[PDB]
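Chemist: Chains as they are written, first to last, in the authors' numbering: chain V, 10 to 234; chain C, 1 to 206; chain X, 946 to 983; chain N, 1 to 35, 40 to 100; chain I, 3 to 129; chain J, 5 to 102.
Backbone N, C-alpha and C fix where the C-beta goes; we use that ideal spot for every residue, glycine too.
Can you keep this structure in mind? I'll have questions shortly.
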Amino acid sequence: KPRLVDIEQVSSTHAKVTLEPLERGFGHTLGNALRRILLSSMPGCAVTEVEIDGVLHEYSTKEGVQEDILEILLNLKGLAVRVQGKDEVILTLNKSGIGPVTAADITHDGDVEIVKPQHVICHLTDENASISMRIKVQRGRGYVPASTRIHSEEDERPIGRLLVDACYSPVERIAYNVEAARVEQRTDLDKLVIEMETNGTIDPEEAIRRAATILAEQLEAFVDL
Amino acid sequence: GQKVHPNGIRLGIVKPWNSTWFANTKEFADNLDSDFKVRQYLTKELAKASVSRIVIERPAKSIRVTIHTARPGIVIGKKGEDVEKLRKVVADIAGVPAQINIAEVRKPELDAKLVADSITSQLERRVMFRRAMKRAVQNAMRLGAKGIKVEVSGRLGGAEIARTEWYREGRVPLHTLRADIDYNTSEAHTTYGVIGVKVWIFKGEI
Amino acid sequence: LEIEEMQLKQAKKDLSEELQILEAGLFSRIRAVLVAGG
Amino acid sequence: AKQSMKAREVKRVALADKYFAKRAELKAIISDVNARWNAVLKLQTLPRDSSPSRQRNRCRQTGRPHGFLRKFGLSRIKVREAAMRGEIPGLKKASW
Amino acid sequence: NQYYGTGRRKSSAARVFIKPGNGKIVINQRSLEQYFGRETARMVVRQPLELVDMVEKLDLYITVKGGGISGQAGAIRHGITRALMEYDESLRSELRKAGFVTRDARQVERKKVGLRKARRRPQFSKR
Amino acid sequence: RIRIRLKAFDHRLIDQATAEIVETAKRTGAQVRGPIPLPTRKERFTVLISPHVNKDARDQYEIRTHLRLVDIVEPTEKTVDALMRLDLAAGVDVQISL
RNA sequence: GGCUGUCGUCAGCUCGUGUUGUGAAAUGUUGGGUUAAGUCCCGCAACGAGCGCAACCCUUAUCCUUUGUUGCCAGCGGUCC
């Protein structure tokens, strides 16, 4: 079996994990299976519901903002968030004045972690102009669009609550590379090096461990039949 | 009399309070008071607004107030008419920055309040109690629901001998706390007497 | 009426914005010369 | 409850404030061991309705003075209704 | 080592600690004879003890504080009997036979509106 | 050490309102000695049901005032300044005295 | 009108359909056991259903998980005990 070690951490987002001792056919197999798991099945947190002040629907324009409500909703999807203890958390963006909204600006409460202080949400282009939107975050498995979310709602009077396409996937890109190695007493052994890029809401060591656990639960039923 | 309030009896489970907030003996005294003034008034200028309930949240010197209504648009105003007025009327009435969020009533035929305020209004329109009481209320059974018990007080029609009426569909086991029912009253001061009415809508079980 | 009220408020805002840029700027410029001279 | 009655109380409040509530305090000093000037004791009679003891509460909703409870300021049945209608925060039947 | 035994009855709280040896008994810095001794019938506390040869057997360090004599004495009996069961989990039958292993669920009663004392209904000689 | 108190009318709110602190108000900076329940202040009332007469009527009500302590046992700045960022709860008295 | 007491916490009160009599009406719901109870089990020209009774609510009677301030002190220690 392989021993997981040697974590070459490049940045907060990017990383390069390696698994040195692997059999002749164990380089491609696990790596390709993990690639299929990591991209498809990856638990995470992202924006779902948003309610903006002085805005009844999307496809309108707010006073004192150059970026439209439809354009803001798209920027909200790109914003990275990671929740430790809480399942769902509602943040509030209290800010005003001439200039760009850095990225944080929200009141820091509970277990909500923020990894983006530069990520642009919107630009304020007037003195008295003000914005105060309550943003909701939800936990899930995969990609859930806005079209699916209006079916089994049952009474959704909040018209201000403009819906967004949810994206519960931490990985941005994945790439494995198998290279030959000569360990302490060996003939022909592959070295699986898994290069992984993330949004920054979950660790690479934590993501790869959770991905392998999902495959074990699936393989558990296949033994006894 | 010999019946427990089918709503208060359940105020603990399966039934939320139409006014949830904290307060101490000090302000509590005048607190529930203002809530009455504001709530009583919100109906005066919004009777035909077809308003159901009227919750009242209270964090700290800023009550929320939610006017549930089958007719939201009319309770909205000319893109600011209604809202502004009310939202402002809550001025000295509570002496605090009081907001106001409207809630849309889904299927106004299953909500007690409405089904009650309606039948009573029809009565005031010179209409046979039996007809409306039965049919004009029977609808609550077509849009779904399982059981609806109506009740019209006495003095119905030309008569000095007040009489109560029955008429009920499905099942209304008001003897079950885990039953959850939509009960509400409604008067109708007509040419003579005050023909009352009570709506008992059994919206599913647990 | 709500639309025409909003259209009237926006019309008063747009034309007043012209009178505040030009007419405030012109009024302060004429007044500044009068203070220097007098 | 009457309309006239439900009015007097209202005033009995005002006067019992603009004066006694803060002014009686003054004579309360002399008319007490604070070393009891007769004049001060006599001056005590300037008003009448101006007294914190001349108030019988009365239902804050209707007016019925019988069945008051500083908590809700209401009178029996009023508390009864408001309670069942949930109009009163956190308050349901009591059983134990 | 030691063996704990809660035990209680009628708003009471018993806390007896059975140690191997030392037939001495103390309840809240007091003697089982100086706190209870010479009472109504506080011979119940040391009842389960002697029930199986004590004194020169083990020790009893109690800490009760709930309910009056009768009850406060009943709680201990429950804690003790419960306790011994620890030192030997094969003597339950014996203690149960007497009825110590079980607690006196029979608590006080709550008064009731209309009545005058939860049960004592007001008289009406003329009806 | 700053002490915090939460007294609501039920767990439906006193719960989330408290867990919030332990979660948010307590990350690494704040110490937090622990969330305690504390005795509940029970205040019931008896009201005559029938209007006039029928003494044998009466109805009993009650308002349970649920409370919680917890309190943070670490007066820092980075974590002791992330609590104000929480003022929701339509009914959760939070006496933040020291 | 709204609200309350009372028979009475009594086990009672009915409906649909079917069948029976010219009809009011009956049957069901009576009978045999049984239960706190129109509770249940057989029977039976009735087959099913609703309001009830029961059960959901609280509270008290054991233990478990969890948190440990103003509550606790089993051990160890220091005692202005």
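(1) Would a C-beta distance cut-off of 8 Å place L123/C and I54/C closer than the cut-off?
(2) Where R135/C and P55/J are concerned, what is the direct C-alpha to C-alpha distance, given to the nearest angstrom?
(3) Compare the C-beta of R58/C with all C-beta atoms of chain J and state if any pair is closer than 8 Å.
(4) State yes or no: is the beta carbon of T66/C nearer than 8 Å to at least one beta carbon in chain J?
(5) If you measure from the beta carbon of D62/V to each beta carbon in chain C, is any gap under 8 Å?
(6) In chain order, which beta strand (DSSP E) runs of at least 3 residues are fully inside the segment 144 to 183 of chain V?
(7) Just mark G90/N as buried or exposed, buried being the case when its beta carbon has 16 or more other beta carbons within 10 Å.
(8) Classify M205/V as buried or exposed, calling it buried when 16 or more other Cβ atoms lie within 10 Å of its own Cβ.
(9) Taking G116/I as the query, report the chain J residues whose CB atoms sit under 9 Å from its CB, ordered along the chain.
(10) What would DSSP say about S121/C, mapped onto helix, strand or coil?
(11) Sorted by chain position, which residues of the same chain lie with C-beta nearer than 7 Å to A140/C's C-beta, five sequence neighbours on each side aside?
(12) Looking at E27/J and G149/V, is the spacing between their C-beta atoms short of 8 Å?
(13) Considering only C-alpha positions, which residue in the set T164/C, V172/C, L46/C is nearest to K85/C?
(14) Where does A7/N sit, in a helix, a strand or coil, going by DSSP?
(15) For the alpha helix (DSSP H) that contains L46/C, what are its first and last residues?
(16) Check whether chain C comes within 8 Å of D19/J, counting only Cβ atoms and requiring the distance to be less than that.
(17) Which one or two residues does DSSP pair with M142/V in a beta bridge?
(18) Assign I92/N to one of two classes, buried (16 or more other C-beta atoms within 10 Å of its C-beta) or exposed (fewer than that).
(19) Quick one: list the residues of chain J neighbouring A87/N, beta-carbon separation under 8 Å, in chain order.
(20) Between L79/V and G169/V, how many whole angstroms is the CB-CB distance? I'm expecting something under 8 Å.
(21) Name the chain I residues that come within less than 9 Å of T50/J, Cβ to Cβ?
(22) Since I believe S31/N is in contact with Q48/N (beta carbons under 8 Å), could you give me their beta-carbon distance rounded to a whole number of angstroms?
(23) Taking only beta carbons into account, state which residues of the segment 69 to 94 of chain J come closer than 8 Å to chain C, listed in chain order.
(24) Whose C-alpha, out of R106/C, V38/C, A188/C, is nearest the C-alpha of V152/C?
(25) Could you say which of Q59/N, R64/N, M88/N lies nearest to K11/N if we only look at CA atoms?
(26) Tell me the DSSP secondary structure of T80/J in three-state form.
(27) Let me know the secondary structure DSSP gives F126/I once reduced to three states.
(28) When burial is assigned at 16 or more other CB atoms within 10 Å of the CB, is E72/V buried or exposed?
(29) Could you tell me which chain J residues have their CB closer than 7 Å to the CB of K95/V, listed as they occur along the chain?
(30) 8 Å is my cut-off, CB to CB: does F72/N come that close to chain C?
(31) With a CB to CB cut of under 6 Å and the five nearest residues on each side skipped, what residues in its chain are close to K18/N?
(32) Helix or strand or just coil, what does DSSP make of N58/J?
(33) Tell whether a beta-carbon distance below 8 Å holds between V146/V and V59/V.
(34) Let me confirm a value: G53/V is counted as buried when at least 16 other C-beta atoms fall within 10 Å, else exposed. Which label applies?
(35) Would you tell me roughly how many angstroms separate the C-alpha atoms of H117/V and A34/J, rounded to the nearest one?
(36) In chain order, which continuous runs of the alpha helix (DSSP H) of length 4 or greater are located wholly inside the segment 15 to 62 of chain I?
Modeler: This is what the structure gives:
(1) no
(2) C-alpha separation (whole angstroms): 35 Å.
(3) yes
(4) no
(5) no
(6) Within the segment 144 to 183 of chain V, the complete beta strand (DSSP E) runs of at least 3 residues are 170 to 172.
(7) buried
(8) buried
(9) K59, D60, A61, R62
(10) DSSP, read as helix, strand or coil, puts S121/C in helix.
(11) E109, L110, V115, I148, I201
(12) By the CB criterion at 8 Å, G149/V and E27/J fall outside the cutoff.
(13) Nearest of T164/C, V172/C, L46/C to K85/C, Cα basis: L46/C.
(14) helix
(15) Premise fails: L46/C is in no alpha helix (DSSP H) and is neither H nor E.
(16) no
(17) For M142/V, DSSP records a beta bridge to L102/V.
(18) buried
(19) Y65
(20) That pair is no contact at about 15 Å.
(21) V115
(22) Indeed they touch by this definition, with Cβ atoms about 7 Å apart.
(23) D91, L92, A93, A94
(24) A188/C
(25) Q59/N
(26) coil
(27) coil
(28) exposed
(29) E27
(30) no
(31) none
(32) coil
(33) Contact check for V146/V against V59/V fails: the beta carbons are separated by 8 Å or more.
(34) buried
(35) 14 Å
(36) Counting whole runs of 4 or more residues, the segment 15 to 62 of chain I contains the alpha helix (DSSP H) stretches 49 to 52.
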